[PDB]
Amino acid sequence: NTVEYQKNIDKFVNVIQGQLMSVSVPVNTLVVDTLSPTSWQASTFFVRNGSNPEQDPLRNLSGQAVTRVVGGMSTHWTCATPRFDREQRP
Amino acid sequence: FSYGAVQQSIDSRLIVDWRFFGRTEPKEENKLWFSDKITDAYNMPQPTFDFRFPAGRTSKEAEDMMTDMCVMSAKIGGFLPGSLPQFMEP
Amino acid sequence: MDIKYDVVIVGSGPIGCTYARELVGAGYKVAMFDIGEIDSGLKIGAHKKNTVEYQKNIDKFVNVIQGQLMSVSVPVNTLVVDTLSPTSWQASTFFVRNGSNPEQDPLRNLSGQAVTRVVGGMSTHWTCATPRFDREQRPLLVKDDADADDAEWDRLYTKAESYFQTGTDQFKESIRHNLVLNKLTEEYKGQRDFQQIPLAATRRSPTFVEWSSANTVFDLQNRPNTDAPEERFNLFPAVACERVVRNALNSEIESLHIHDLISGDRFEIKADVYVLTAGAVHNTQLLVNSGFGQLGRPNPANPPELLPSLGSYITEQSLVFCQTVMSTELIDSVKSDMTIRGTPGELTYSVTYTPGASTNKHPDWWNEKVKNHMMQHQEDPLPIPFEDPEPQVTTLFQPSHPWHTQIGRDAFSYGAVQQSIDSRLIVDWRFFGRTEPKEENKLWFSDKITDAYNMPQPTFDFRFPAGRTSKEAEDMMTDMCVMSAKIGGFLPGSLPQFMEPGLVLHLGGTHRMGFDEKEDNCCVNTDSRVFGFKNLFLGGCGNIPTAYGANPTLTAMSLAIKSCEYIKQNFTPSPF
Amino acid sequence: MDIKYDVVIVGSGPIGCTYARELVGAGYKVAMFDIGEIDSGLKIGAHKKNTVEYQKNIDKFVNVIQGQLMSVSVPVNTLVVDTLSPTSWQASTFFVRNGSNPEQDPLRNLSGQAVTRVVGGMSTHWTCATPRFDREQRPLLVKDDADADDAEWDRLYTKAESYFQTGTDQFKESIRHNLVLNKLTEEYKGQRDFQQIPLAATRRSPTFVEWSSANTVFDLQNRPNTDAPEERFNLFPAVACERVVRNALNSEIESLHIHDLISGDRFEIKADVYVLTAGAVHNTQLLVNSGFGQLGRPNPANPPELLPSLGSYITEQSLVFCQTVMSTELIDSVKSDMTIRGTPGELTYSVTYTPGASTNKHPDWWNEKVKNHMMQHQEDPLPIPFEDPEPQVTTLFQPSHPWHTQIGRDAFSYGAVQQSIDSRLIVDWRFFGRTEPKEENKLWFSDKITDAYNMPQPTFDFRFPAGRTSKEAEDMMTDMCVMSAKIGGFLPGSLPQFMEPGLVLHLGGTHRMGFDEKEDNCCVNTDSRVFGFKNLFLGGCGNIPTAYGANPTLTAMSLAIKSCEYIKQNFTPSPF
Ligand SMILES: *Cc1cc2c(cc1C)Nc1c([nH]c(=O)[nH]c1=O)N2C[C@H](O)[C@H](O)[C@H](O)COP(=O)(O)OP(=O)(O)OC[C@H]1O[C@@H](n2cnc3c(N)ncnc32)[C@H](O)[C@@H]1O
Ligand SMILES: *Cc1cc2c(cc1C)Nc1c([nH]c(=O)[nH]c1=O)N2C[C@H](O)[C@H](O)[C@H](O)COP(=O)(O)OP(=O)(O)OC[C@H]1O[C@@H](n2cnc3c(N)ncnc32)[C@H](O)[C@@H]1O
Ligand SMILES: *Cc1cc2c(cc1C)Nc1c([nH]c(=O)[nH]c1=O)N2C[C@H](O)[C@H](O)[C@H](O)COP(=O)(O)OP(=O)(O)OC[C@H]1O[C@@H](n2cnc3c(N)ncnc32)[C@H](O)[C@@H]1O
Ligand SMILES: OC[C@H]1O[C@H](O)[C@H](F)[C@@H](O)[C@H]1O
Ligand SMILES: OC[C@H]1O[C@H](O)[C@H](F)[C@@H](O)[C@H]1O
């Protein structure tokens with residue numbers, strides 16, 4: 001709800017991304033084998049960069065994230081508010 | 001909440017997005033749990049997921065849902081290269 | 001090299017080779033020239049995928065295809081690179097760089113169109129799918145008599161299928177192939193028919209297929225030789241054919257002008273009969289360089305003298321593509337006859353079936369393969385044997401689904417190939433649309449710009465026609481989405497998409513056939529003879545004047561067979 | 001195929017072919033087997049880049065290279081794909097998929113190592129750089145007499161250069177080549193020397209180079225033939241050589257076991273002399289499959305019986321790469337002798353020079369080329385002619401810069417090629433480091449896992465050594481940054497980087513040479529004879545036991561020449 005974001009709405013994705021903090025990131029196993037020989041080089045895929053060694057990467061909700069700001073996720077959300085029909089509703 | 005570098009090539013007036021959202025059967029085995037050793041950024045038990053989309057109706061519906069988006073979106077225009085039909089990160 | 005031949009053939013692709021097979025066989029003294037060189041091994045013009053190594057590493061063959069597809073027309077590049085160092089030489093304009101074609105509008109191109117200049121042409125790398133066209137896609141050879149027209153095509157297609165060794169059962173023993181084929185049959189029960197793609201190929205073993213090519217049609221060995229002591233054939237590679245010379249009457253060709261690329265020398269060659277099978281693009285180039293049609297940017301106020309339809313009414317097919325990952329239901333079905341006891345990896349583990357058990361869903365051969373894989377590779381989570389061949393499935397074009405389809409695993413992959421997902425789970429989907437011929441869709445050649453061989457540069461002016469062509473193309477995409485979903489979800493990175501215009505390499509109608517030059521807007525008659533000329537014949541997919549979706553080569557060959565009938569009936573071979 | 005030959009050679013690459021040239025020539029009855037097939041045209045084993053089409057489209061040749069580099073050892077993939085549809089079959093583990101090697105640690109691999117199985121081996125696609133090694137990079141052939149050692153290498157290298165037709169002036173008439181060469185000479189005045197890369201090649205015209213290959217060394221035609229009526233040679237492609245058979249003494253080989261890949265049959269072949277030139281990887285594979293060294297994961301507590309250094313002390317070079325965009329100063333220098341009057345595109349426009357003018361910075365030939373380009377292409381903003389050949393520049397390895405360098409434009413590009421920036425402005429930079437031999441750096445072969453030819457799967461255990469190897473590699477990167485800057489800024493998308501370990505394909509020391517098996521930790525003597533064996537010889541870069549930075553093939557050939565001296569002095573050819 002700023003005049004600037006509604007004149008440049010293509011930029012708002014960046015606001016959303018900057019307050020979605022991933023819930024559970026598995027241990028990374030990407031091979032980087034083009035480091036210079038002088039650089040410190042891992043022998044294992046050890047727990048690095050806030051990854052969660054408990055998480056199976058194949059049984060995750062990798063895209064799950066949280067927002068810690070006053071107003072929560074409603075400071076960035078799409079504002080769609082449908083009712084549930086009987087079939088979806090407790 | 002765009003999911004890729006946004007297109008500049010094609011006029012924005014021509015672009016329409018399609019998001020279809022499936023329902024997921026509740027199953028006991030699909031879990032959110034918290035580590036007794038690992039902690040998050042606020043020194044609280046680290047969240048860990050053990051999740052797969054259920055077999056059966058959840059999965060059949062999800063794939064029928066993809067097909068439905070293909071069929072319906074075609075009534076309005078062809079896919080935008082770089083935003084082809086896809087499932088998003090769980 | 002002689003002065004004088006009975007017949008000269010320009011190009012050694014499978015269509016050139018149809019002409020050689022027929023005319024060498026009928027006793028003519030034949031010379032064939034190709035701009036490209038012999039580079040397929042000792043079998044000249046053969047398929048490059050017929051090595052033991054490529055069939056053990058088929059994922060690498062895409063690189064062979066890419067290394068001999070040379071783009072037809074590349075527009076001027078306008079990409080901004082603004083991170084050069086300040087010291088580097090930096091353009092002020094987007095000037096004509098790197099062999100781009102300044103005549104080409106980037107928005108009306110067939111960017112994916114490419115050519116192959118090697119002995120055997122494109123048949124040294126092609127997929128080998130050879131469907132017949134049904135009536136709806138096919139030009140008439142007989143007017144006003146459909147059963148007679150049908151009979152003639154059946155005669156010609158039967159012969160063409162023998163020359164190519166087309167068959168429909170080389171993949172019958174593949175689990176994956178049958179898995180897919182049977183699922184689709186069952187889902188479209190009473191609506192559509194599925195079968196193996198007709199493939200020009202002979203299986204040599206469970207792990208090796210001898211894919212057909214130009215060599216299969218005609219082995220391209222110089223004659224006479226021991227096997228053919230009364231035949232006369234010479235193949236001259238690395239010779240660029242530049243021009244056919246018209247007499248003043250425009251009733252006969254008098255010579256073929258050639259440039260020997262090794263010596264640099266230019267010559268002329270005399271023959272009774274001239275046959276141009278240089279490809280849909282390069283036939284048209286040679287003709288335009290010879291005074292047929294119009295050179296340069298089209299100018300409707302300056303009408304061409306000869307063959308005014310040349311280069312117009314061009315067609316190229318729309319192509320949609322995706323891959324899928326086999327469904328869990330389908331995979332579990334492969335092993336539905338197995339009784340499993342114990343835990344894989346253990347001494348007690350047992351996978352069994354009964355050979356003949358009435359309630360078995362699969363043949364014993366299939367259950368044997370599955371049992372053995374599962375017991376011999378108890379670390380592998382899939383029931384499909386490692387060397388199981390790929391599916392080769394189609395539902396052929398029909399009025400209700402007016403596209404051709406090829407479902408399986410094509411060597412010509414379009415992205416870095418996936419290593420993450422097991423290859424046994426992957427199935428490719430290609431659906432091919434038909435394109436209405438329209439006068440305004442053109443291939444033309446620059447009067448100023450030249451290509452790598454110093455010939456007039458090819459330029460496209462093409463858009464998919466509005467109307468049925470476009471409606472069908474988009475219905476075709478939807479159809480692939482709907483059908484592919486019956487087998488499994490899309491493979492991330494191979495999502496449904498249209499391919500670059502012309503990547504498909506099914507260009508037609510650049511020198512099209514018809515009964516009457518004026519009424520049918522065409523260049524050659526149903527014997528493939530150029531109107532007005534006694535002794536000039538065109539062969540190839542440029543001859544096809546209709547909107548077709550199936551792969552055109554078998555059709556083009558069938559037309560060349562008919563052309564060769566005319567030649568044999570109208571020209572006498574020299575004495576030996 | 002006969003029962004019995006004088007000499008059998010395993011592999012048809014340029015090292016196999018050195019053995020054939022020497023021994024066929026000396027009158028031996030020779031059989032040569034290759035696992036791969038003839039696929040280079042009628043000149044068997046020749047360079048695939050010697051077609052008119054590839055030299056008109058050299059940007060496409062990378063695809064030919066890629067299509068015959070088959071990775072040696074691919075670790076198990078662990079990429080997460082979590083956007084599959086819920087219906088697709090989805091793995092629970094990262095299981096052994098798609099021909100990966102479960103023995104391979106992904107963090108101690110030569111991931112870029114690959115092999116080529118075609119007649120002529122890697123010499124059908126290689127760059128053709130053939131530098132000599134200076135003393136610092138080179139194994140001793142004479143102990144305790146440096147001038148004598150120098151003399152012997154010079155004798156052998158001179159011969160090897162003739163077999164390959166090495167020269168240093170094929171690019172002397174290139175503006176770009178000279179532009180670069182001269183600038184570097186001037187900037188490192190009195191510090192370093194620059195020259196043309198020595199290249200195994202003969203220029204045939206201003207636009208065509210006949211690149212050397214195995215065919216150049218030996219034409220690979222079966223003999224006797226008309227040209228060589230008293231020679232005896234047979235080449236058997238599509239034959240996998242599996243094992244050499246040792247006698248019980250471990251003093252002689254008694255047969256070579258082979259698998260004919262077309263028939264599927266296995267045979268044995270008897271010869272007086274056995275030569276293995278299968279490549280640095282596959283020589284070691286064949287040996288290990290024959291009871292030399294140790295099969296399986298290394299086990300220092302179970303010492304091998306024979307050749308305990310086999311597969312250890314392996315070396316592979318570090319490789320750094322970038323491209324640049326020619327500086328504005330350099331480009332303007334090309335045309336510094338021209339007087340320009342008027343505006344390009346106009347009737348008055350004039351570019352002139354004086355042919356001999358004392359103050360001219362360039363030779364008349366150069367100024368003629370530049371004047372003509374500028375007047376004939378007044379729409380082009382550059383002074384460099386379109387068909388100007390690429391630079392081919394080096395400063396060879398010296399103690400003060402202990403790397404080899406190649407500056408110009410290599411066919412083996414490493415990314416989608418740029419179309420945006422004019423190709424005339426682009427120069428590539430490759431700097432090649434030397435790697436200390438260390439016992440712990442290993443190539444070994446699985447006792448369980450097999451490759452595509454049912455042979456023990458190759459597995460690497462490699463890291464660049466700490467110490468000098470690593471310090472030098474990083475100084476080498478810095479050196480490329482510093483030197484390349486003298487010519488122009490980096491090309492976006494080709495920024496300075498180390499390449500994937502082993503992409504360089506300069507693997508050495510897998511069956512290394514020395515004077516004494518124990519003291520020098522080696523497998524073959526300075527005649528390339530396997531210790532203890534009367535009639536088994538190894539050829540190839542696996543023989544090289546030192547840390548070298550220059551391209552190894554000419555060195556390996558020089559060693560094979562010396563090996564063939566021994567063979568000629570110690571074995572009598574059968575009667576004809
Ligand atoms: C991010 C996002 C979210 C939604 C949409 C799209 C985008 C990209 N679109 C959308 C949504 N929902 C709809 O119904 N329709 C739409 O079109 N989005 C989801 C929606 O945004 C959420 O469902 C909604 O906010 C949930 O409300 P809530 O239950 O109030 O929860 P919040 O996460 O918003 O706020 C919680 C709040 O608590 C704080 N916090 C977290 N942990 C603690 C602890 N330990 N102590 C104290 N406070 C805590 C957070 O900081 C947060 O502010
Ligand atoms: C590349 C490709 C092509 C096909 C398939 C897939 C791939 C990736 N798959 C395929 C095809 N067609 C089918 O029916 N089904 C399949 O599954 N492909 C198309 C097919 O490959 C072509 O339709 C067929 O070869 C055409 O045959 P042709 O008319 O004989 O033409 P070619 O292009 O093969 O050969 C022409 C020949 O002429 C030479 N040439 C060109 N210009 C000149 C000049 N001026 N002088 C002398 N010679 C010339 C070429 O060098 C070439 O060899
Ligand atoms: C691919 C590559 C290679 C080189 C350059 C660049 C490119 C991209 N550039 C280059 C090289 N070397 C130089 O000195 N300077 C250059 O500028 N390249 C390396 C060079 O290409 C190799 O060093 C050289 O060929 C090695 O020669 P060789 O020892 O003869 O080995 P090859 O690998 O060429 O040939 C071996 C041969 O044996 C066959 N084979 C393999 N295993 C078997 C079995 N079991 N039985 C039978 N035959 C077997 C292969 O098929 C192969 O043909
Ligand atoms: O990708 C282009 C190719 O796709 C498939 O292999 C077809 F069979 C070919 O005919 C060609 O269209
Ligand atoms: O990229 C790998 C290649 O780079 C260059 O062409 C070298 F000359 C080759 O020897 C090889 O190392």
Side-chain angles (χ1 to χ4, degrees), chain C residues 11-13 32-48 63-71 99 114-125 213-215 220 235-241 258-264 278-279 282 451-455, chain D residues 37-68 116 118-120 122-128 170 199-216 219-220 387 389-390 409-413:
Chain C
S12 64
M32 170 182 276
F33 303 87
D34 200 287
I35 205 172
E37 290 170 271
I38 294 180
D39 68 358
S40 274
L42 290 176
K43 306 194 187 176
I44 291 175
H47 204 300
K48 292 168 175 195
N63 301 110
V64 184
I65 295 164
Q66 295 167 341
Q68 62 185 43
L69 287 176
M70 275 60 166
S71 306
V115 293
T116 305
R117 289 182 198 95
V118 301
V119 170
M122 294 192 169
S123 75
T124 60
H125 73 243
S213 61
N215 178 260
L220 292 164
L235 173 64
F236 296 101
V239 181
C241 296
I258 64 153
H259 179 219
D260 182 282
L261 291 166
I262 300 319
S263 68
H282 282 129
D451 71 14
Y453 292 91
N454 246 55
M455 295 278 277
Chain D
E37 290 170 271
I38 294 180
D39 68 358
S40 274
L42 290 176
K43 306 194 187 176
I44 291 175
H47 204 300
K48 292 168 175 195
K49 148 164 100 174
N50 294 343
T51 69
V52 181
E53 185 68 341
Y54 275 122
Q55 298 191 27
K56 287 167 178 287
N57 299 274
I58 192 69
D59 55 297
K60 305 291 293 183
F61 193 77
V62 58
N63 301 110
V64 184
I65 295 164
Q66 295 167 341
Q68 62 185 43
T116 305
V118 301
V119 170
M122 294 192 169
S123 75
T124 60
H125 73 243
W126 71 323
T127 306
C128 306
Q170 307 87 334
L199 286 169
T202 304
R203 178 164 293 279
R204 292 314 178 186
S205 84
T207 49
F208 192 90
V209 179
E210 182 181 357
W211 293 102
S212 308
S213 61
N215 178 260
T216 308
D219 69 27
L220 292 164
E387 298 197 297
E390 70 271 17
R409 291 288 258 147
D410 193 286
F412 190 27
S413 58

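Within every chain, numbering begins at 1; the chains are lettered A, B, ... in the order of the sequence lines, protein sequences first and strands thereafter.
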Chemist: So, for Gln170(D) and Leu199(D), which heavy atoms are closest and what is the spacing to 0.1 Å?
Modeler: NE2-O, 2.9 Å

Chemist: Taking atom OG1 of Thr216(D) and atom CG of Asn50(D), what is their separation to the nearest 0.5 Å?
Modeler: 8.0 Å

Chemist: Looking only at heavy atoms, which two atoms of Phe412(D) and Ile65(D) are closest? And how far apart?
Modeler: CB-CD1, 3.7 Å

Chemist: Of all heavy-atom pairs between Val119(C) and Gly36(C), which one has the smallest distance, and what is that distance?
Modeler: CG2-O, 3.9 Å

Chemist: Between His282(C) and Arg117(C), does the side chain to side chain contact (heavy atoms under 4.5 Å, CB included) criterion hold? Intermediate values first, please.
Modeler: CA-CA 10 Å; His282(C) 282 129; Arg117(C) 289 182 198 95; 3.6 Å; yes

Chemist: How far does OG1 of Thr51(D) sit from CZ of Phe61(D), to the nearest 0.5 angstrom?
Modeler: 8.0 Å

Chemist: Roughly how far, to the nearest 0.5 Å, is CG of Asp59(D) from CG of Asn57(D)?
Modeler: 6.0 Å

Chemist: Do the side chain of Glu37(C) and the main chain of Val52(D) share a donor and acceptor less than 3.5 angstrom apart?
Modeler: yes

Chemist: Using 0.5 Å steps for rounding, measure from the NE2 atom of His125(D) to the OG atom of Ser40(D).
Modeler: 11.5 Å

Chemist: How long is the span from the OG atom in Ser71(C) to the NZ atom in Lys60(D), to the nearest 0.5 Å?
Modeler: 6.0 Å

Chemist: Return yes if some donor-acceptor pair links the side-chain N/O of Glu390(D) with the main-chain N/O of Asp410(D) below 3.5 Å, else return no.
Modeler: no

Chemist: With side chain to side chain contact (heavy atoms under 4.5 Å, CB included) as the test, would you mind laying out the steps for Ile35(C) and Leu261(C) before giving the verdict?
Modeler: CA-CA 8 Å; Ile35(C) 205 172; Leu261(C) 291 166; 3.9 Å; yes

Chemist: How many angstroms lie between OH in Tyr453(C) and NE2 in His259(C), if you round to the nearest 0.5 Å?
Modeler: 10.5 Å

Chemist: Can you see which heavy atom on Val62(D) is nearest to which on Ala411(D), and at what distance?
Modeler: CB-O, 3.5 Å

Chemist: Which heavy atom of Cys241(C) sits nearest to which heavy atom of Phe33(C), and what is that distance?
Modeler: SG-CB, 3.5 Å

Chemist: Give the intermediate values and the outcome of side chain to side chain contact (heavy atoms under 4.5 Å, CB included) for residues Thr116(C) and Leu69(C).
Modeler: CA-CA 5 Å; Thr116(C) 305; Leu69(C) 287 176; 3.4 Å; yes

Chemist: Can you name the closest pair of heavy atoms from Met32(C) and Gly11(C) and give their distance?
Modeler: CE-O, 3.5 Å

Chemist: Which pairs of donor and acceptor atoms, one on a side chain in residues 41-48 of chain C, lie under 3.5 Å apart (sequence neighbours left out)?
Modeler:
residue, atom, partner, partner atom, Å
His47(C), ND1, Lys49(C), N, 3.1
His47(C), ND1, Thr124(C), O, 3.3
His47(C), NE2, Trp126(C), O, 2.8
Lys48(C), NZ, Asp39(C), OD2, 2.9
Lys48(C), NZ, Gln68(C), OE1, 2.5

Chemist: Measuring only between side-chain heavy atoms, which start at C-beta, is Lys56(D) closer than 4.5 Å to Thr207(D)?
Modeler: no

Chemist: Side chain of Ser212(D), backbone of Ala200(D): donor and acceptor closer than 3.5 Å?
Modeler: yes

